[PDB]
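One chain comes next, on its own, written as structure tokens: the form deposited in one PDB entry.
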């Protein structure tokens, strides 16, 4: 009943402290040793770095300030960082340090080597229902956490979910996340996951995440998404039709839960009803889920992945990123 209610009061207090005085320049570039490139983002390279004194490894995203200006992403970049430095939940990736210099912004991210659920679902084909359920449980709780903070996630999809070295889920990207009470209108996200009210530009709220959960659950258990096609536009068309076919092996409870998540009518969608998340949590498809044990990372994972161990002399855009 009320153990939940105080956990969330304390979570909000923690979030708001950090959200009202965000932390700045918490480290410096000369503290990290470059190892190699991990990849590329939009504004620059992602580097595997090693903290020179603690020995811990991080994914440091480098962001060219001028390229951020040029791609029209100042506000989104400020906001992403502000959200990341403020949150804290066992299935969310950490922003471990941030800092800036003349040329760049740096986001030193927690680095768990692994491989996305994207690559895993594709090469395994599909997950059994308890396997899907175990991941889904982690997203339910994660959304319950983000939503209590008025944060809409807005980018749920297999590619943003890493399967960690304990086989637990980690949400790895906060690119589209937005803090809003009430409603907002930005068309963003990967087409297969979008709620029809996003596509129709009628404004929408945190309930799109719950539609997107329903999409994810269906994909994990079917091996393919419920709404699909060659072109984004056809995908959008199929969603607005709202004609979901379930595989023959989907249990009754799964189909039941799925009709309530992929539910067009907001007065009926599981998630934002007067009962909120408990409507999902008490749902029959999750009767076997130990919520508390899930949060504590105690449930035995159904699969553990294969182990691994891997600037200008002028100041640029000082005013634009002063809040960074």
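In this text, rigid core is short for the largest set of C-alphas that superpose within 1.5 Å between two forms. Positions refer to the first chain, counted from 1.
The same protein also has a form solved in complex with a small molecule, omitted here; what follows describes it.
Novice: Within 4.5 Å, heavy atoms only, one stretch in 206 to 214, 96 to 104, 166 to 174, 240 to 248 touches the small molecule in the deposited complex. Which?
Specialist: Stretch 166 to 174 is the one.
Novice: Whether 82, 150 and 182 jointly form a contact site for the small molecule in the deposited complex is the question; each needs a heavy atom within 4.5 Å.
Specialist: No.
Novice: Hey, in the deposited complex, is residue 40 touching the small molecule, heavy atoms inside 4.5 Å?
Specialist: The answer is yes: residue 40 has a heavy atom within 4.5 Å of the small molecule.
Novice: With the cut-off set at 4.5 Å between non-hydrogen atoms, does residue 45 touch the small molecule in the deposited complex?
Specialist: Yes - in the deposited complex, heavy atoms of residue 45 and the small molecule come within 4.5 Å of each other.
Novice: Does residue 59 make contact with the small molecule in the deposited complex, using a 4.5 Å heavy atom cut-off?
Specialist: Close contact exists here: in the deposited complex, residue 59 approaches the small molecule to within 4.5 Å, heavy atoms only.
Novice: Looking in the deposited complex, any heavy atom of residue 132 within 4.5 Å of the small molecule?
Specialist: Residue-level check for residue 132: no, no contact with the small molecule.
Novice: Of these, 112, 254, 222, 139, which has a heavy atom no more than 4.5 Å from the small molecule in the deposited complex?
Specialist: Selected residue: 112.
Novice: Once the core is aligned, does residue 294 move its Cα by at least 2 Å between the shown form and the other one?
Specialist: No, its C-alpha moves less than 2 Å.
Novice: Rigid core fitted, is the C-alpha displacement of residue 277 between the shown form and the other one 2 Å or more?
Specialist: Not so; residue 277 is displaced by less than 2 Å.
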